[PDB]
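The structure appears right after this line, and notes come after that.
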Amino acid sequence: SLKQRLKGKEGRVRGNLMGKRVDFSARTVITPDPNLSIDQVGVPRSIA
Amino acid sequence: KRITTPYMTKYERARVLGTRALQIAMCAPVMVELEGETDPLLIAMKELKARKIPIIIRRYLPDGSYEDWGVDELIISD
Amino acid sequence: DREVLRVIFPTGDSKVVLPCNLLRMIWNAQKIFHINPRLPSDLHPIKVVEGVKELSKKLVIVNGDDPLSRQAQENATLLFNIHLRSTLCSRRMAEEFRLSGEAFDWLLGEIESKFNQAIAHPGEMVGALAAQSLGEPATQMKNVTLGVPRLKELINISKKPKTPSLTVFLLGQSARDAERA
Amino acid sequence: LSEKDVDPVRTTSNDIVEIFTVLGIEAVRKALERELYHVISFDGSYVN
Amino acid sequence: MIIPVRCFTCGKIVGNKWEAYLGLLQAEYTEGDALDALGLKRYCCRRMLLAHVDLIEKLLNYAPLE
Amino acid sequence: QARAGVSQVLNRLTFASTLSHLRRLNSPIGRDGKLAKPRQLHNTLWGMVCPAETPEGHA
Amino acid sequence: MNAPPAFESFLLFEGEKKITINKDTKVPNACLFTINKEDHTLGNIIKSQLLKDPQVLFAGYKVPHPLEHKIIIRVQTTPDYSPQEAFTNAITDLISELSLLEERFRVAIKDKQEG
Amino acid sequence: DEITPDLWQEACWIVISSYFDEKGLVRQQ
Amino acid sequence: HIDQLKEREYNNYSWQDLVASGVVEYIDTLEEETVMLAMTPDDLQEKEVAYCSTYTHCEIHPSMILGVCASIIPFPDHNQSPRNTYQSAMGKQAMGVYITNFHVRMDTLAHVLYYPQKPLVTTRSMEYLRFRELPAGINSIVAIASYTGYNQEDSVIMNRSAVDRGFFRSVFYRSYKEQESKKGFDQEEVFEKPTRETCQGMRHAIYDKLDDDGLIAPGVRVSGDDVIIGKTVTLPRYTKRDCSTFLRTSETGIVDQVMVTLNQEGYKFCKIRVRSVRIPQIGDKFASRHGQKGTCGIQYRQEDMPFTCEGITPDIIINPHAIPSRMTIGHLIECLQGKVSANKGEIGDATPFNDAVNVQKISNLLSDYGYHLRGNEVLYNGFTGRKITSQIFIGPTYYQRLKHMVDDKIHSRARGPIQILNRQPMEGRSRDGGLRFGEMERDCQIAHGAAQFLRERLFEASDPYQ
Amino acid sequence: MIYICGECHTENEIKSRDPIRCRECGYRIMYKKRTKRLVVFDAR
Amino acid sequence: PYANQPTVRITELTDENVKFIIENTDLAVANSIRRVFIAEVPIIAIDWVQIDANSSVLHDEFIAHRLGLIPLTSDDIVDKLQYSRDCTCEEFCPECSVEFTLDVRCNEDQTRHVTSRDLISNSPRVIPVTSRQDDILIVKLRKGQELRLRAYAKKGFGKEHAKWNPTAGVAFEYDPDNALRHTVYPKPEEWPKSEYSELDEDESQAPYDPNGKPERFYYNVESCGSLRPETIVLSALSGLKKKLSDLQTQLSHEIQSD
Amino acid sequence: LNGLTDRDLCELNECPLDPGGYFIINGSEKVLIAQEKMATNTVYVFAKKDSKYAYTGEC
Amino acid sequence: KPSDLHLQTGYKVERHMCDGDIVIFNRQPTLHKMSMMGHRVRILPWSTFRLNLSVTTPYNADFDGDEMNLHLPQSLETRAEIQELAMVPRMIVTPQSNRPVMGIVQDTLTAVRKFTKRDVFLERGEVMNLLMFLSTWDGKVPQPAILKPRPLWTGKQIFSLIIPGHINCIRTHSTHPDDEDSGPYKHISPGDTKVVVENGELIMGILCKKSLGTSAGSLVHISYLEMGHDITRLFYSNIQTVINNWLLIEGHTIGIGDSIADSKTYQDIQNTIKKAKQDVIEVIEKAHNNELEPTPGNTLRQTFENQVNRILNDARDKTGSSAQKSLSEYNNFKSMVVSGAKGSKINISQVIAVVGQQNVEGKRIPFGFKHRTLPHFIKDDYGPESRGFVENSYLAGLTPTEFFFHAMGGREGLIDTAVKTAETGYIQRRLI
RNA sequence: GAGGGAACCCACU
Ligand SMILES: [Mg+2]
Ligand SMILES: [Zn+2]
Ligand SMILES: [Zn+2]
Ligand SMILES: [Zn+2]
């Protein structure tokens, strides 16, 4: 129903307005790097 | 007659730097002398350090009134 | 100020949370200005008194000159002004900290700048900050209940707590012997 | 609290609702702060 | 599945030793003596032959598609 | 209105996963339940149920 | 997927300089030698050979990132001496060392093989 | 004769090997 | 009974004869609550205070309380119990040889290690799990050391030279199924090699690698944007449109096998197995048999890894800090026992409750082979040749390559497919989807005060509309 | 084209829309030939 | 000129290993020599595989990897062989590569052990090492299984791939009695003595030498078979000298350019 | 595959180490996970909490 | 076509993300505002997100398979918002507990405990190699703490070069004696356990988690308060690089020899366990012969349980105290504990001496059978072995009953994590 | 130069 469309964490408001899928985002496994400064992240060339 | 803080807040600093950087990226005149650097953020921060950014911050009070502060009128303490 | 402190802190816990670390900046002034603690100082005690007075004048949390504004400003900086007068006492500054005149002027300027750097910025979403600051330690959490169930019993105002209890304190001799207790 | 030789000043409950109904809204504000502080600082954890 | 050509740690050739090791074990050698007869001194080369599972023999029991 | 997950696709990533999936028991108590007693390792599981092999998370 | 080719640890691509010298402005008579597509081998021998020169006041090397192939050798010398001259003399001494070691190894192999 | 404690480990793994030679591991299914 | 069972295939004496002899009997949980169990026969042969003189039953072996996955753990009674639980979880994710007839089978997901080894340190219960015949892992020279800082926070340094020699190399097999279907009289999907001027709505890809039956051939290299099954469906000049089966994106590989058959209802049915070789990589998950999971942080070559005086470099370097809070002492004992096992030429016994195996006995056995009795060795720095001041614990430990490679998880999106209903980005890397900027992220960006970034994420990086 | 029968190891010519059955033994599971295209492996 | 004057003492020279001692040099020189042993001594190994038929139970990349790990004799031919990156040919030529062919069909009821003896080279100076011990098992075939392939072997060193590493084990040691305290034993009596130790049985460790430096280095270079171990050491010294000479040339060009 | 030797299983392209214990449904291998339940025909007496019943017997 | 490759002023070029780009970096669950921080992009040649180690603490991240998210700001306003608001150096100190969230972690921590000890002396080449990794170094090699017989620098000199500006900080090492400050050697520490940094120079003391960690008043906290975010960022990076390169020389391990105690220590532990089991049997005999007096506010069974748990906790504490007292200065468990990097004294106690009592729901192991914990015990057995006291260590190995009871204990922690996540998340959502 | 949803299960941090 429309109420089931709107309600819940998967509904319209919580699942599509309070939070939503975004462009220009990447996700992968993290590995250590003691040679980077604390404000610096190593990024794979394919993601970039 | 202005009761708000004389210091530029961190949010004011962030938004003024971003807005001035976008204006410089849209070919606004540069208010300072630039030593051959390209990035609009760097030009915006050296304009802010020289306190020459031509932007007025309108701070809204909860009563609905507002105060207009020049960027050259605020203290950039951070 | 001591009487006001003992009203505020009746348990005698002197550990407080305050903006400017006065002892560390006195140590910083000693190291910067090469203060010899074994030599007499050139700092007049009246310079200490008047400098702390003007510094406390120019550490403003509540603006305004009306009596309501002055009372709110005095209340908002009461602990810090008490700690400032306690730390920058003329006796302590003369025989314990031994600061010079230029060291004391730099100390006043540093205290003023560090206090003005500590004031909350307008635009701070402090409610979300508070909700994340009380929920992040919750991830790491007489039969009195504590932890996450007690936090749930607190933020949900429960008419039926799991372990309701009193802490009854006794008056006079009733508190001193076990038989009348 | 009404009982004889019981301190009518320092005696308190851990029940938020009865502290509100007996002593008022500022007292239950202080009691709420004390109980939240107890829950937080049981572990030695500190929150500002 | 099949014996590796090299020891993983050092790169000593162990791919020519599996059948010799099996023949030594068939000749009533102990595993340590069979490893010592093949010149596998380092324990990194000895785990190559000691821990090898020769799955290719059981794979060869299936009729080939090709 | 019927129980789900009685029949599962057999895990074939390792022989150990195949054996473990072929010898798998399931309590049909909902994983949204926050009571600890069915999830606890009971004393009577000695020699019958492995005390180490359980999933992590809701199950 | 993001795997670099294995020859990139030792092959200079087109336009990549092998060694670049930069004057270190912090202290007098100091230079930074950025050597591309090398590793701890040459960096270690050159640093230890520069440490033997009494006119060298500082000698060190670093790999700034192990996933890159780059050596930074910082050399500081006395004012009457040059870090480029120190670096060249260190390479010359290492070359003479290896030439002498090569011929003595050949002599020792011949002696061991004859008996 | 009783199984001596020095032979017990070998004997118990013999009877376990016999159990898994007969039943296997998926006997319940 | 033991003598009769030693010749099980000669006497025809079996376990069932042992049950019929009145020697063993099956006790369930309700009856076990009335029996009196001796843990060992040492509880029977006990002196004047045996703690019980009325034992009714005896455990055959206590280590039989473990399951299939917990029986591969060496020294499980020297580990913390949650670590045994974590290893029982991860032994099902370890890549080895999952079945012998894997060449016949076309499973959707299949994983075959090149060189699976039986452990040097086994349990006796592993003789019946067939782990000696289908093992999942490699005995690895593991040094527990802090080297260059790249093994911190549950990470490992791998030997790149070892990896080049086939150390933990695996094969990923993926099967793709497709079938012609007669969904109506006019509709007719067919395996054909499509033509650009004839088929409607192609995906701008190449079709030359298809044979003229519409199916790609075995042995052909394929990439993420490649057609492997060419299926066209008749449209009721473009008489048919393209519904070809595509390879999953960024999953490069080689077509291993193509099988053509008939389904239940008699249409042509093709299954294509594509093979891709997975060399160990930074970010690939590796676990010992003690709950010591961790991704590869860096790979050093043999000349960069630390070495012993015999020239042995570790295959894997793990951080010391993985041990103390975990208390996986069975990992250390397995490493020590594996050093002893590889020097002696034997398979070490790590049955849980075994008094014949002790840390002191393993230490004396190791000292009998010219090594330090506690498994430490003097290691030399690979970069400089100088001795490391501390002496490094190093020896063979069984490691497992887990199914979680980084190349099956790396995902980026700039712009692409969106959902039909809410016009927001899709789900998962398989659909080129976006990541969810959830409610908690929204709260965090509220607390940051970054309102324009919040507007960018929640309005104009997701679904602008006017 | 040429498909190997799964059971009887023999090669069979199959045209399009022809049902996939081995003309020798009637086995319904058949496999494609290895390609003739030239594929290079680094020996790494 | 502050060069060392190192001396060589060969203590063992077999066909498999060389044990030798280098005196009067620095620790960095010794370690770099060891690193060039492992990483920067060029040999010839198979790097290009074209499989024509593979009916075996092992897939094509598996066979190619095993072929790459087979050592090939490289004595006196890897010096005159060119790198494929430095060669004027288009794809391959005898000046930069060696062609190998393998053609094995199993038609018997016995399992056919396709070994390195079945690798037939077009150059007689570059053959598998076990074809001059048993032969390195490439694959096992049953009846009806076949393997035809054509390979090309090219020059390379172990910095690129470990198949070009010529050494099995480079044992390296210095200061065997721990006089320099470069390692610190919590219990020195628990530690076995080195092979090169010069201590009595009652002593566990040398007295501390505050004026000492690492000056004597012990090597056991074990060869995988591609080169003789003395050829490995000589080629390593030559390669390190050539690296230093090329770096000196580029350094002189950089100095003159500024 | 019942009663077949390992050679007969290999001639049928089956793994002799494969345990069985599963079904093939539409070509997919399906295992039936065992399901726990309360035992039947047994009297179990519990104490229901926060209810009108002090004790309850169940069969 | 080249006609479509022409650029005019006012055009936009959607260029690839390159070095120096500002991104937001995130790990779920995003609990506080420092689980999403701004990072500068550096392109590295593998398929993972490389992360600095000190940054793993505000993310609650490790590298056992964690996946993290990276959001690219698309405009200059959002880029400047992230740059001036949400960068990692600006997020060093939290408003939650007015203390740093990121500190020195595990190997930098273990080796800065090992590096700032009094007997650490570095030669000229080692000092030059360490100064190669000091990015804030001014180029001047300091005068060594020892000039003759040989020029040797201490680790405190090199860390004084690392410490930025003129930080003045007084801390204590974790092994600082309680009576030392009242003794005659207060300002000259015999064990080097009073940390004094003066004018940015580490004058004395061994650094640890109490000095370089995420506590209030720590050295990185003073660096943030006095020098700002950029200098403190350089401080973190310099500590990590210099200490991680000295650890190549020094090295750190853990072995099976760190789990061994002395034979005298093993005898003491066995004697303590025997005495405590005898005490438990004596309390059992007192309760069985009705000679056990209940304490006020409790019934007889709960007073018996309190007495037994007091005896067994005293046993575990005394055996653990003997275990730590056996440990040498070379012990690596002790090194990682006194550095604050990983582990506790309880972990050392369980590895070396006694695992201890297994507890389910705060009590001993329940009688899941009829009055028996396991069918290997007699009925109404209230002794330590029966009810879940593990008298063995992890080195010694557990008995089968102890193994099963330890599994019962660890299942409780797994259940607690799994069922507390949902209620805690609901509490966070309602609070927000 | 990009055409399904839903349900369930397993797994990951
Ligand atoms: Mg993790
Ligand atoms: Zn080896
Ligand atoms: Zn046929
Ligand atoms: Zn050529």
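Naming scheme: A, B, ... for chains in displayed order of the structure tokens; residues 1 onward per chain; ligands 1 onward as shown.
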Inset, instruction - Residues up to 10 Å from ligand 3, counting only C-alpha atoms (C1' of nucleotides) and all ligand atoms: could you list those as number ranges by chain? - result: J: 3-12, 21-30
Inset, instruction - Return as a PyMOL selection string the residues of protein, DNA or RNA that approach ligand 2 to within 6 Å, with only C-alpha atoms (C1' of nucleotides) and all ligand atoms taken into account. - result: chain E and resi 7+9-12+42+44-45
Can you list, as an mmCIF file with C-alpha atoms, in the first residue's frame, every protein, DNA or RNA residue that comes within 10 Å of residue 49 (chain E) when you count only C-alpha atoms (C1' of nucleotides), leaving out same-chain residues fewer than 6 positions away?
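Saved to out-v4.cif:
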```
data_model
loop_
_atom_site.group_PDB
_atom_site.id
_atom_site.type_symbol
_atom_site.label_atom_id
_atom_site.label_comp_id
_atom_site.auth_asym_id
_atom_site.auth_seq_id
_atom_site.Cartn_x
_atom_site.Cartn_y
_atom_site.Cartn_z
ATOM 1 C CA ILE E 3 54.000 -30.675 -6.429
ATOM 2 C CA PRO E 4 55.182 -27.051 -6.788
ATOM 3 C CA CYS E 7 59.840 -23.985 -2.659
ATOM 4 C CA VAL E 14 61.226 -29.423 -5.286
ATOM 5 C CA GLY E 15 59.222 -30.344 -8.394
ATOM 6 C CA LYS E 17 61.594 -34.682 -5.932
ATOM 7 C CA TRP E 18 58.018 -35.891 -5.354
ATOM 8 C CA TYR E 21 60.334 -38.974 -2.196
ATOM 9 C CA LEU E 22 57.487 -41.445 -2.777
ATOM 10 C CA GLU E 31 59.927 -39.122 6.201
ATOM 11 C CA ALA E 34 63.710 -39.383 2.909
ATOM 12 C CA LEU E 35 63.815 -35.578 3.107
ATOM 13 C CA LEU E 40 66.128 -30.721 1.636
ATOM 14 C CA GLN I 117 48.784 -28.541 1.614
ATOM 15 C CA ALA I 342 59.175 -29.797 9.459
ATOM 16 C CA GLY I 345 59.840 -35.042 9.077
#
```
Inset, instruction - Using only C-alpha atoms (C1' of nucleotides) and all ligand atoms, find each protein or nucleic acid residue lying at most 10 Å from ligand 1; present the set as a VMD selection string. - result: (chain A and resid 30) or (chain I and resid 153 to 154 293 to 294) or (chain M and resid 60 to 67) or (chain N and resid 12 to 13)
Output of the above residues as a PDB file, in the first residue's frame, restricted to C-alpha atoms (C1' of nucleotides):
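Contents of the output file selection-v3.pdb:
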```
ATOM      1  CA  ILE A  30      41.166  -0.658   3.826  1.00  0.00           C
TER       2      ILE A  30
ATOM      3  CA  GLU I 153      45.812  -3.722  13.132  1.00  0.00           C
ATOM      4  CA  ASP I 154      45.254  -7.283  11.868  1.00  0.00           C
ATOM      5  CA  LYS I 293      42.010 -13.002  10.230  1.00  0.00           C
ATOM      6  CA  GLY I 294      43.695 -10.186   8.367  1.00  0.00           C
TER       7      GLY I 294
ATOM      8  CA  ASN M  60      36.933   2.193  15.081  1.00  0.00           C
ATOM      9  CA  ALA M  61      38.638   0.531  12.130  1.00  0.00           C
ATOM     10  CA  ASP M  62      41.138  -2.258  11.693  1.00  0.00           C
ATOM     11  CA  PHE M  63      42.255  -4.177   8.623  1.00  0.00           C
ATOM     12  CA  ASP M  64      40.705  -7.600   9.193  1.00  0.00           C
ATOM     13  CA  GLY M  65      38.424  -7.088   6.191  1.00  0.00           C
ATOM     14  CA  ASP M  66      36.940  -3.650   6.899  1.00  0.00           C
ATOM     15  CA  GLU M  67      35.489  -1.871   3.883  1.00  0.00           C
TER      16      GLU M  67
ATOM     17  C1'   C N  12      31.074  -9.664   5.555  1.00  0.00           C
ATOM     18  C1'   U N  13      32.655  -5.261   9.129  1.00  0.00           C
TER      19        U N  13
END
```
Inset, instruction - May I ask you to extract the residues of chain C within 10 Å of chain B, using only C-alpha atoms, and to give them as an MDAnalysis selection string? - result: chainID C and resid 61:64 113 116:117 119:124
Could you turn the residues from that selection into a file that holds C-alpha atoms, as a compact mmCIF listing (two decimals), in the first residue's frame?
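Generated output (result-v3.txt):
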```
# COMPACT_ATOMS: atom_id res chain seq x y z
CA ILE C 61 30.44 35.57 27.32
CA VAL C 62 27.28 37.69 27.71
CA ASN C 63 27.36 41.08 26.00
CA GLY C 64 25.54 44.12 27.30
CA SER C 113 43.14 34.82 23.05
CA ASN C 116 38.08 33.92 22.87
CA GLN C 117 39.07 30.78 20.95
CA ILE C 119 33.62 30.41 22.97
CA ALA C 120 31.01 28.31 21.18
CA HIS C 121 30.53 29.32 17.56
CA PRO C 122 27.00 30.26 16.46
CA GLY C 123 25.88 27.59 14.04
CA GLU C 124 27.17 24.75 16.21
```
Inset, instruction - Pick out the residues sitting within 8 Å of region 51-57 of chain F, and hand them over as JSON, numbers by chain; count only C-alpha atoms (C1' of nucleotides), and ignore anything fewer than 6 positions along from it in its own chain. - result: {"F": [41, 45], "I": [65, 66, 67, 69, 70, 81, 82, 84, 85, 86, 88, 89], "M": [404, 407, 408, 414, 418]}
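CA of residue 339 (chain I) is positioned 18.7 Å from CA of residue 167 (chain I).
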